[PDB]
Amino acid sequence: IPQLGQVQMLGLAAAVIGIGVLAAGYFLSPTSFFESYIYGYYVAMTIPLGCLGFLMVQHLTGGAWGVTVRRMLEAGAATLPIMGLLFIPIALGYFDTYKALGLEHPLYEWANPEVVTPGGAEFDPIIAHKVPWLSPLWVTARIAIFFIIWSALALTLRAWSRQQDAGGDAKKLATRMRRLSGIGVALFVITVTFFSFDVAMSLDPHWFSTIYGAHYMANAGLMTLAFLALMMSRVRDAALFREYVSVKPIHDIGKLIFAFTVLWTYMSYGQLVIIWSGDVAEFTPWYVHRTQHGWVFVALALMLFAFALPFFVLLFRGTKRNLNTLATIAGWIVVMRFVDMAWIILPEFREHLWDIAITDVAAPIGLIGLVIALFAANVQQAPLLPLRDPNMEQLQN
Amino acid sequence: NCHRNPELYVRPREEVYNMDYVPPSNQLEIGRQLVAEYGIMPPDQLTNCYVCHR
Amino acid sequence: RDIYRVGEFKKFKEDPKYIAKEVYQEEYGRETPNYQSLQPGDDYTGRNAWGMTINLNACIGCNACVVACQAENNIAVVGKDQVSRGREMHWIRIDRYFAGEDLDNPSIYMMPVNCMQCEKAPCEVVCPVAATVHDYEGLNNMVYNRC
Amino acid sequence: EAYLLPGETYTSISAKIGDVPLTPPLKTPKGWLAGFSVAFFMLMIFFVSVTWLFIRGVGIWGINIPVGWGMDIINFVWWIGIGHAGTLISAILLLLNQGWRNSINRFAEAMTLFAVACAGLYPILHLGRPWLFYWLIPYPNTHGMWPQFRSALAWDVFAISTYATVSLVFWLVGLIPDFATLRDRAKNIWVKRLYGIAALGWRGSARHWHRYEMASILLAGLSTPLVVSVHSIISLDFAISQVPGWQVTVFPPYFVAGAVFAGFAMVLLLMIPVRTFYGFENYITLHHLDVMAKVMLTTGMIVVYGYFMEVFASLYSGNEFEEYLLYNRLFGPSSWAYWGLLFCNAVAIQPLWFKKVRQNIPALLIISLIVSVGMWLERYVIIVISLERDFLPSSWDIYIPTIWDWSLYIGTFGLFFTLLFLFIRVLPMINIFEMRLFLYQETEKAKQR
Amino acid sequence: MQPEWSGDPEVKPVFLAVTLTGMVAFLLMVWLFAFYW
Amino acid sequence: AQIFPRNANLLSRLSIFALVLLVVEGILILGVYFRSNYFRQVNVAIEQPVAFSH
Amino acid sequence: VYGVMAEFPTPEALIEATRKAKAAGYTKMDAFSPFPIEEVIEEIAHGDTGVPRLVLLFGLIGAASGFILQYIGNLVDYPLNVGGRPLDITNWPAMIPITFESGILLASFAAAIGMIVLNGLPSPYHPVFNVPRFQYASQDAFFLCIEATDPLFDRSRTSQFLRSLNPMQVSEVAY
Amino acid sequence: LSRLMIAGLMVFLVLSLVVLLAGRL
Ligand SMILES: CCCCCCCCCCCCCCC(=O)OC(COC(=O)CCCCCCCCCCCC(C)C)COC(=O)CCCCCCCCCCCC(C)C
Ligand SMILES: CCCCCCCCCCCCCCC(=O)OC[C@H](COP(=O)(O)OCCN)OC(=O)CCCCCCCCCCCCCC
Ligand SMILES: CCCCCCCCCCCCCCCC(=O)OC[C@H](COP(=O)(O)OCCN)OC(=O)CCCCCCCCCCCCC
Ligand code: HEC
Ligand code: HEC
Ligand code: SF4
Ligand code: SF4
């Protein structure tokens, strides 16, 4: 409870710093504000969507780790309609609100008139081919639909586990949450793969990847697991984590952090070795733009500090059974996921490592601060760690 | 081995001379001079597969 | 697809590169393609790099080049059965393509296809015993005894 | 429900599981005799097919010049991919602390090894100079040459060899204490030495069990990323290639999911008879088959998602070649396999969402059989159809298999079923220990509530 | 935990024999496969 | 001691060691035979139908 | 002369027995079981096993050896031009999977052979098979045998200690 | 035993060295 208020205050201060420097970035050049907001919303959306999906994975796979962080996963899932309200500046960014707000071109090349209109000045046929799928009405309808399913999934699971505190729970209400999470896991996988497509992979419409989204799956899950381990360390003295939680779920969550780190580097290496070995010139410009002009050193620092050190440090028992050093690892993971999503998103509009403005730090820290503040408000409104539950006995082993 | 280090066995012509020839002590030196003098190509060309096999 | 590129002599006279420019405007919307590549290759600066050139204006479908490369290089004759399977043994083949409007009075296009001797060859990167490799002269070295 | 039925003691576990091996060989059941006779007949079909493959060459298969990889590579990917779910029960469930692996992991490891022996012949068999298979292995020679090591078949050789050796190692350490029990009950003097050196005199003990759980958990931790990578590399022998249907970035997780999907189908098809005919209903409950259908349903959704990713790659791209891929898969000459793929691996998997469909044994068996057949069809659609129609339309040709492809396929079924029948004869098919430990854990949960 | 052969007199010359095995067998493959042609 | 005699430990350690040594020896057999002067007919004066004397 | 075994019926009886044992000060014993109880192993096999440092070492050197083998083979000893692929460290993709497979291969050899060696496993003859009921160890029995290597050991005092807590049958085991 | 290790490896060494000599016979 009180450390939760401390981390909520820290997130609110981070959000205030972010909104101040983001408004300054609008004051200097609003296109830089909008592209930095694209990056900040993507790396802010790594938290609640992974929170939602991991809540549904643990409802499908009932574990002691899942009961340990069910309420924090439900708070992170509860922030989704506020993520819709934070999305809609982007929706203003690529719509007819262009030619206002100082934008020179719209935020996406399909939102551009000339690059998709027939008989226009540009008529780039790769982007003009996908004009039913990538048009402002279609993309806003798709993203709002995905928002509807995610908010329905998250709020229904949260309300059912809020009903779980009374009764009808040892066989009822958990079979209901099991069925809802079972259908929704497939729904969440396809909708957040398509969301990762429309938000990130459509920024350069010349390129595609079918492992994108699954790459975003692993990124969201590993950011989420490190976030969960980070604030699990803060609420150690909540008296109910001390009553029912031991270091065995801590070991389980550190184990899952290790597994998602290796799963993510497996996904990134899979995409890299597929595009690199089969040197076909529609897949290759993504990695040409990502090892040029200084981005190569970010790629090597990503390989050395977000895989090799996080893998090699997390082979051991202490740094998994112990919780403090697991929290330090998780903080390093969260920072390295920020750096990775910088490498994923910022080459599409920055073109240099030295072109990275202060807004590309303002928007991730600010929007993560908004995420953390709404999250820690959502943990406090309910009792954490659902005490009355048919999967309770795995905490007692 | 000769297509990677031709300096160890090359000789100042006299290819068909009787086997009274002996390789001298400065085989590295005289070998490098005869490699550069006869136009013996780098081993990146002489170890190619279509050098020998065809 | 962009296999056999056809032009006209008046526009080729006024602009020689217009054949590619009309292709690449429909495909990419730019007059000149920008084919970025990850793999470096070799440079081939001071070497004798062997290359072939085939003029589609001059080739007629004579098929004497197929018999010549058959006679020179000991390519075996398979029967009617193995061409029925699809296992003819011809190092150079002639592509006849029938492309044109009305498709019953069409334009017929013969294209010789030998190996392109690909500098960044997809065919060397996959063969596990390193039997098709590139040499100093830039030509694909198919080693029959290593296959 | 419960993963283990009550009424069971450690004497009852050792009696029921241990006495299916160490039966007198002349007292062996006649259903086993009939199945092994059928497997022996199909293994002779294997030997005839391999003999005519070696004498005449690989041209007895229906491969031609566009399709260099016909039905041989399809059966290779199918047979290697069957091993993923067996290793999943072997290692991944050991890592995730899953209580349903305790009766399956012996059978799962065994069919992983036998599917590996069936798969691993295909890289040798598809060569046409198969006696030089060791050239893909880095060995000291007088030539001084090396494997290319950037080819994906060069990765395949290391991958299948390491996977075969690790799955054999996991089988042997998983078998050492059951060897210790079977040595202790054999009642024939010479068979006690045979299971004795197999057990190495295991001497079930603390300071030996500590290293047992420690090495088994840790080897599960080694084999868990390993089978994912080995089936990623089986994907990567298409995924690094420049063919339009093969260069797909989703291929390593999608082939991993297809492998777990087809392997769970095979574990279904080969453990419903092991549950029914051999009286192991208490050890393999109905909740076992419920949770196994659930995991197969998970991997089937990820595979259907992979098909959607292929459809999205072909529609979203402005390239002609991906679009003609989708057309020739949908309306081409070999489009029958793609329609049977969406009937098999997509329509028939949506029954498994409902519990009564999962608990119904004949429905579960037949739906698993459609999973295996449509999984094979997925490998056909990935490999053969993409090799049929390529960049140059002059290099377009149909692929028709001969009688020898089907002969080799049926013969590899014979090798699989023969090795499975010797396994279920001489060795026990359920882990005797780790079921006694599962009995202990179940009664301890019944103690602490 | 320690191994059960930790306090045995055989643990010195057997584990010296594993390395004398290694430097005989591996060096024999070195002599045959590199210096024998 | 219930199944096996007293020197079963001796015979088993010697058997695992011997299996390693026969694997090493068979590799040595194969390598020696493929490089042997019998196989490649090296330093063997192969008889000609006239016995020319160089 | 090797030790004295105890023959307890149930795993919980063996656990309460092994908790009663060595609280008297009788260290260096070895409890036998058909399955890992994880409470004799928690108590009297307490400590660090020894195989994880073996798998860490041999997997690290196996991945190092696989990387060095690919580098020495295709980029140093016989530098061949394939595919336009680079002949330097920029050829790091298409060198990772053989590195990983070699690491896992050497690591799993380490786990198997290190567990089999650190337990002294390939030992078909052991003294504790001399007992008339040890054939039921792998099949339904729970033994707690203490050993002569213990400093507080004497045959009359040990077997009267093992009889104090109620067995079916304690008995000495010959060498 | 360890002297058995030495004796077996010396027998393997002598037989292998005789084999190496026989490859230059
Ligand atoms: C990009 C590909 C790289 C993939 C590499 C392999 C990753 C998965 C490996 C699992 C670890 C073995 C378990 C550690 C252990 O049991 O340690 C214990 C206690 O141990 C110690 O204190 C000493 C630690 C060092 C020795 C242990 C192992 C280190 C070396 C392992 C192999 C190295 C190889 C790569 C050379 C505590 O750990 C545990 O409690 C159990 C382990 C949990 C396993 C996690 C597995 C997830 C794999 C992810 C899947 C990836 C797929 C998608 C490719
Ligand atoms: C080949 C398939 C893909 C493999 C992916 C890796 C899987 C993760 C590997 C580590 C396993 C889990 C780590 C430890 C853990 O948290 O498990 C604990 C828990 C059960 O343990 P209790 O103590 O609670 O005991 C309860 C029973 N007595 O395990 C679980 O509950 C299962 C967790 C679900 C695993 C989710 C990871 C899968 C990742 C998704 C892969 C799909 C691909 C996405 C496109
Ligand atoms: C940010 C989120 C991360 C992304 C997640 C997206 C992918 C989703 C996959 C995870 C789902 C895991 C399987 C769920 C289905 C299931 O039924 O498994 C749960 C079962 C049920 O357990 P019980 O005993 O019946 O309930 C106990 C009641 N007290 O048990 C298991 O835990 C088995 C887990 C199987 C894990 C492997 C299969 C999933 C991954 C394979 C596909 C990989 C593709 C690359
Ligand atoms: C050292 C004593 C050599 C022996 C053994 C072999 N070759 Fe050689 N050969 C050597 C040199 C220095 C050269 C010419 C260098 C140059 O400028 O190229 C050659 C020449 C050849 C060639 C010519 C090909 C080419 O120069 O591009 C070939 C194909 C050739 N020799 C064949 C060949 C074979 C098959 C050998 C093994 C029996 C062989 N050579 C041995 C030096 C030496
Ligand atoms: C002449 C200098 C050669 C070069 C360059 C290459 N090859 Fe060769 N090869 C040559 C000789 C003199 C030998 C010895 C014959 C023997 O087996 O001892 C070889 C051997 C091989 C073999 C073995 C042949 C077989 O067993 O059928 C192969 C497969 C081989 N070499 C492959 C090979 C490759 C791929 C080459 C290009 C890098 C290559 N050789 C070059 C002669 C020469
Ligand atoms: S390829 Fe045939 S048709 Fe063309 S120029 Fe040569 S001989 Fe004439
Ligand atoms: S790899 Fe070489 S031989 Fe093969 S198609 Fe390309 S250019 Fe022709």
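Residue numbers (the working numbering), protein chains in the order written: chain U, 1 to 397; chain E, 1001 to 1054; chain X, 2001 to 2147; chain H, 3001 to 3449; chain B, 4001 to 4037; chain P, 5001 to 5054; chain C, 6001 to 6175; chain D, 7001 to 7025. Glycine included, every Cβ here is placed at the ideal spot set by N, Cα and C.
Practice prompt. Within its chain, find whatever has a CB closer than 6 Å to the CB of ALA3119(H); leave out the 5 residues flanking it on each side and keep chain order.
Written response: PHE3076, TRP3079 and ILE3080
Worksheet item: So, is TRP2050(X) buried or exposed, given that buried needs 16 or more other C-beta atoms within 10 angstroms?
Response: exposed
Worksheet entry | Cβ-based neighbour list, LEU3094(H), same chain, cut-off 6 Å, excluding 5 preceding and 5 following | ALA3220
Worksheet item: Can you give the Cα-Cα distance for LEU1008(E) and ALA4034(B), rounded to whole angstroms?
Response: 19 Å
Discussion item. Below 8 Å on the Cβ atoms is my contact criterion, and I expect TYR39(U) with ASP340(U) to pass it. Report the Cβ-Cβ distance as a whole number of Å.
Written reply: Not a contact, Cβ separation roughly 12 Å.
Fill in: Cβ of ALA5018(P) within 8 Å of any chain C Cβ
no
Worksheet item: Across which residues does DSSP place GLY6003(C) in a beta bridge pair?
Response: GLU6147(C) and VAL6173(C)
Worksheet item: Count the other CB atoms within 10 Å of the CB of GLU1037(E); is the residue buried (16 or more) or exposed (fewer)?
Response: exposed
Practice prompt. Count the other C-beta atoms from every protein chain shown that fall within 10 angstroms of the C-beta of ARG3379(H), then say buried if there are 16 or more, exposed otherwise.
Written response: buried
Worksheet item: Can you list the residues of chain U that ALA3313(H) reaches, using a CB-CB cut of under 8 Å?
Response: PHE208 and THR210
Worksheet item: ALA6031(C) by DSSP, collapsed to three states: which one?
Response: strand
Worksheet item: Does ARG5035(P) come within less than 8 Å of chain D when only Cβ atoms are used?
Response: yes
Worksheet entry | Inter-residue Cα distance where the pair is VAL4011(B) and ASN6119(C) | 14 Å
Worksheet item: Where does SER3223(H) sit, in a helix, a strand or coil, going by DSSP?
Response: helix
Worksheet item: For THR3162(H), is the classification buried or exposed, using 16 other Cβ atoms within 10 angstroms of its Cβ as the cut-off for buried?
Response: buried
Worksheet item: Do the segment 2124-2142 of chain X and the segment 6079-6098 of chain C make contact, defined as three or more Cβ pairs closer than 8 Å?
Response: yes
Worksheet item: Near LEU103(U), what residues of its chain come up, given a Cβ to Cβ distance below 6 Å and the 5 sequence neighbours on each side ignored?
Response: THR31
Worksheet entry | Chain-ordered list of residues that sit, by beta carbon, closer than 5 Å to a heavy atom of ligand 7 | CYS2115(X), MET2116(X), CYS2118(X), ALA2121(X), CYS2123(X) and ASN2140(X)
Practice prompt. Give a yes or no on whether the minimum CB-CB distance between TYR2136(X) and chain E is below 8 Å.
Written response: yes
Worksheet item: Could one say the Cβ of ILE5046(P) lies closer than 8 Å to chain D's Cβ atoms, at least one of them?
Response: no
Discussion item. On a Cα-Cα basis, can you pick out the residue from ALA3186(H), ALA3215(H), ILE3302(H) and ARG3207(H) that is closest to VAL6051(C)?
Written reply: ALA3215(H)
Practice prompt. Please determine, among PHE5017(P), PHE5034(P) and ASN5043(P), the residue with the shortest C-alpha to C-alpha distance to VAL7011(D).
Written response: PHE5017(P)
Practice prompt. Would you list the residues sitting across from residue 3452(H) in a DSSP beta bridge?
Written response: Residue 3452(H) falls outside the range modelled here, since chain H spans only 3001 to 3449, and no answer is possible.
Worksheet item: Would you call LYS3356(H) buried or exposed, if buried means 16 or more other Cβ atoms sit within 10 Å of its Cβ?
Response: exposed
Worksheet entry | chain B contacts made by the segment 6083-6107 of chain C, where a contact means CB separation under 8 Å | none
Worksheet item: With contact counted as at least three CB pairs below 8 Å, one residue from each stretch, are the segment 17-37 of chain U and the segment 359-374 of chain U in contact?
Response: yes
Discussion item. Using only CA atoms, which one of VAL3191(H), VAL3116(H), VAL3304(H) and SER3314(H) lies nearest to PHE3416(H)?
Written reply: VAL3116(H)
Discussion item. Are the CB atoms of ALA170(U) and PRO390(U) within a distance shorter than 8 Å?
Written reply: yes
Item to complete: Report the residues of the segment 6131-6151 of chain C with a CB closer than 9 Å to any CB of chain H, ordered along the chain.
Response: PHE6134, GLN6135, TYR6136, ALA6137, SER6138, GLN6139, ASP6140, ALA6141, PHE6143 and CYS6145
Practice prompt. Compare the C-beta of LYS3192(H) against all C-beta atoms of chain P and say whether one is closer than 8 Å.
Written response: yes
Worksheet entry | Assumed close pair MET3266(H), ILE3082(H) - CB separation to whole angstroms, cut-off 8 Å | 5 Å
Practice prompt. Would you verify that the beta carbon of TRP4005(B) is, or is not, closer than 8 Å to some beta carbon of chain H?
Written response: no
Worksheet item: Under the rule that 16 or more other beta-carbon atoms within 10 Å means buried, what is residue 3459(H), buried or exposed?
Response: An answer regarding residue 3459(H) cannot be provided, because it is not within the stretch 3001 to 3449 covered by chain H.
Discussion item. Give me the DSSP bridge partner(s) of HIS1053(E).
Written reply: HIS1053(E) is not bridged to any residue.
Practice prompt. Classify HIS6126(C) as buried or exposed, calling it buried when 16 or more other Cβ atoms lie within 10 Å of its own Cβ.
Written response: buried
Worksheet item: If you run the structure through DSSP and keep just helix, strand and coil, what is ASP2095(X)?
Response: strand
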